[PDB]
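Shown next, in C-alpha cells, is the structure this report addresses.
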Amino acid sequence: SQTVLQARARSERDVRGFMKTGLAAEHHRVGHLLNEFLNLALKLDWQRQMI
Amino acid sequence: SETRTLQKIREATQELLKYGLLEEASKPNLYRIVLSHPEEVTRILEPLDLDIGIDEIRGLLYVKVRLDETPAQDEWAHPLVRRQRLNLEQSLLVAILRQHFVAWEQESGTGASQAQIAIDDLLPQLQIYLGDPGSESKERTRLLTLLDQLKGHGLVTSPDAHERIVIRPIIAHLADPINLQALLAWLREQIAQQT
Amino acid sequence: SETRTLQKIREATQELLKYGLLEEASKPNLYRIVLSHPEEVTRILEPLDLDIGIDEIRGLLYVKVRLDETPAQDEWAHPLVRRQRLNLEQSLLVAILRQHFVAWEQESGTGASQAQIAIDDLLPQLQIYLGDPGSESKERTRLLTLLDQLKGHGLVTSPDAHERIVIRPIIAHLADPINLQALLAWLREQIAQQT
Amino acid sequence: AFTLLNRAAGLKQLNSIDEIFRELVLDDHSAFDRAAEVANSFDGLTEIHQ
C-alpha cells in the first residue's frame, strides 16, 4: 500500500508546486509562454531519436 | 611605445572570450573592468563579428554574435563558435530549467545565483515527455547526459556532492520572451508538418 | 557608432583564428588580403595577446602568442590557448614528418615545393619504433587515426589517390624541434636496448 | 552476515544482552526517513489548504 500512498504524495507535491504561484508582472508573461511551449511539446514523438 | 591596451582590459576580454560569459558573482573584478569600458570591448569584438550583451540586473556579461551582416540562416554557422547548435530535447530541458528559474526568482528577486534544484526534481518532469524506461538509473543517466550537454553551453553547473545544480543566469537570455516566441512558432510549424 | 572593418579583413581574421593559419596555395584571397593589410591584422590581434608570424618563402601565415617572454612565469600560460602535449605515438609521427620535411627542403630548397610521402614509406618506421599491432590492417588503422588527429592541428592533409599525403608547412614553425630530436635519439636507443 | 562480522571484531565492551541485538545482530530498518517523508507530505497538503 505504501506505493499507492507514494504516488498520491507525488501528485500532492506537484499540485503544491502549481498552487503557490502568485506571480508578478515580468514572470507572468514568460510563465504563459513556457506553458504554451510545453503544451506544444507533449504532441511530439519523443521515442523517435530523430525528433 | 606602441599603443597597448590596458593589461587589465586585455586579460578581462581574453577570459570573457574564453568562457563565453562573465558573471559578477564569480569574477567581479573583470566584470567591473568590462563595465567600465564597454565601448572598448565592443571595439575589440566588432571585427570578429562578435558583440557584447549586458545585464547589470543579474550581474552577467555574455558575448553574442554580431547581427549586422551575419547569415540570416543562423549565427551558429559563424566560424569561431565551437559548440554545436541546440537540439530540442536540450531545449525541453532548457524550458523546464527556465520555469524553475523564474519560480525561484519570484521569491528571491533578481538576487545572486542561488537558483538551485535537486536532480531528483527533474526526473518526474522529463519522464512525461521522454517516457518511462522503467529504470530509475537509466533515466538518471539520460538526464545527466543532458545536463552535461547543457553545461557545455554554460546554462547549468555540473552536479555537486548533494546531486544539486545551479542554473547559470544566462538561461534568462537564451530563453527570453522573443526567443521563446520564435521557438514556439517554429515548433507549431513542425507539429503542423507532422500532421 | 563607429565604422565597420572591411568585411574581407574580418573574414580572413576569423579564418586565421579558426584554423590557426592561412596558406597561399589554398586560400590565396584571404592570404594576400591579410598580407596587404598587415598592420590592421596585428592591430586587431594585439589586444588578445595574439600576433601573426609570416612566411613568404613557404607561403604560410600563422598566429603566435604575443606575450612578452617570461612575463610572470618561467613558461607562460595563455587563457585562450591550451598547451596540449601529444602522446608518444603522435610525437613520433611529428618527429618523422619533421625530419622528412627538412630533407625535402634540402633536396628542393625551402618552400619551393610541397612535401609529399607515401603511407607505405611511413608504416615500416612506425612498426620499427612502436611494434607490430597484429596486422597491416591495424597498422593502417592506427596511422589513419593519427593522421586525422594531426589534420585536426593543421599538420597533414588527407590521404589522396596515391595513398600519399602532404606535410603542412606549419611544421617549420613548431615550438621545440630539439626536443623532438632528443625523443628520436631516445627511441633509436630504446629500439636497440629493448632487443 | 559480514556487517555483523565487522561489529564482532570491534566488540571490546560486551555491555549487555540488549545492546548485542540492538547494535550488532539486528540490522537497521529504522523508519526515521519515512516519518520525515510523511511529515513533508502533510506539510505539503497544509500548504494547499493555506
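For B:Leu123, the requirement of being within 14 Å of another protein chain (Cβ to nearest Cβ) and either more than 15 Å from the chain's Cα centre (by Cα) or within 24 Å of A:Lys43 (Cα to Cα) (or both) is met. The residue that is nearest to the other protein chains (Cβ to nearest Cβ), among those in region B:39-55 that are free of Cβ contacts under 8 Å to residues at least 24 places away in the same chain and assigned to a helix (DSSP H, G or I), is B:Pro47. Output yes when any residue across region C:121-132 is in a loop (DSSP other than H, G, I, E, B) and closer than 21 Å to C:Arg188 by Cα, and no when none is. The answer is yes, given that some residue of region C:121-132 is in a loop (DSSP other than H, G, I, E, B) and closer than 21 Å to C:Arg188 by Cα. Of the listed requirements (1) within 14 Å of chain D (Cβ to nearest Cβ); (2) under 14 Å from the mean Cα position of the chain (by Cα), A:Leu38 misses just one: (1).
Of the residues making up region D:1-45, those that are within 30 Å of A:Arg13 (Cα to Cα), of a type outside the set (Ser, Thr, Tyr) and in a helix (DSSP H, G or I) number 13. Here B:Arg58, B:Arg82, B:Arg66 are screened, and the one residue that is within 14 Å of chain C (Cβ to nearest Cβ), surrounded by 15 or more Cβ atoms within 10 Å (Cβ to Cβ), of a type in the set (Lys, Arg) and out of contact with any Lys or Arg (no Cβ under 8 Å at 6 or more places or on another chain) is B:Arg66.
Considering only residues in region C:3-20 that are outside any helix (DSSP H, G or I) and at the interface with chain B (Cβ under 9 Å from one of its Cβ atoms), the one that is surrounded by the most Cβ atoms within 10 Å (Cβ to Cβ) turns out to be C:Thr5.
Checked against the criterion of being of a type in the set (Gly, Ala, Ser) and in contact with a helix residue (DSSP H, G or I) (Cβ under 9 Å, 6 or more places away or on another chain), the candidates B:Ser36, B:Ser26 yield just one match: B:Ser36.
Restricting attention to region A:5-35, the residues that are within 13 Å of chain D (Cβ to nearest Cβ), among the β-branched types (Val, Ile, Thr) and assigned to a helix (DSSP H, G or I) total 1.
Here C:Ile117 clears all of (1) over 19 Å from C:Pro159 (Cα atoms); (2) surrounded by 13 or more Cβ atoms within 10 Å (Cβ to Cβ); (3) not small (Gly, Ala, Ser) except the condition numbered (1).
Exactly one residue out of B:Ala72, B:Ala103, B:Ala95 is away from chain C (no Cβ under 14 Å) and under 14 Å from the mean Cα position of the chain (by Cα), and it is B:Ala95. For region B:1-38, the set of residues classified as closer than 30 Å to C:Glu15 by Cβ and either of a type in the set (D, E, K, R) or touching a residue at least 60 places away in the same chain (Cβ under 8 Å) (or both) consists of B:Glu2, B:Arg4, B:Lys8, B:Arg10, B:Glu11, B:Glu15, B:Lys18, B:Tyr19, B:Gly20, B:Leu21, listed by residue number.
Assessment of region A:2-17 against the conditions (more than 23 Å from D:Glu47 (Cβ to Cβ) and either surrounded by 11 or more Cβ atoms within 10 Å (Cβ to Cβ) or under 12 Å from the mean Cα position of the chain (by Cα) (or both)) yields no matching residue. Scanning region B:144-177 for residues that are surrounded by 15 or more Cβ atoms within 10 Å (Cβ to Cβ), assigned to a helix (DSSP H, G or I) and within 14 Å of chain A (Cβ to nearest Cβ) yields B:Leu146, B:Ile171, B:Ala172, B:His173, B:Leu174. For region B:21-34, taking the residues that are surrounded by fewer than 16 Cβ atoms within 10 Å (Cβ to Cβ) and in a helix (DSSP H, G or I), the one that is nearest to the other protein chains (Cβ to nearest Cβ) is identified as B:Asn29. Consider B:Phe101 against the criteria (1) more than 25 Å from A:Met50 (Cβ to Cβ); (2) surrounded by fewer than 17 Cβ atoms within 10 Å (Cβ to Cβ): it satisfies all of them except one. Which criterion is unmet? So B:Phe101 meets the others, but not (2).
As a convention, Cβ positions derive from the backbone with ideal geometry for all residues, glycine included, and neighbour counts pool all protein chains shown. Values in this text are rule-based calculations from the coordinates and carry no lab data.
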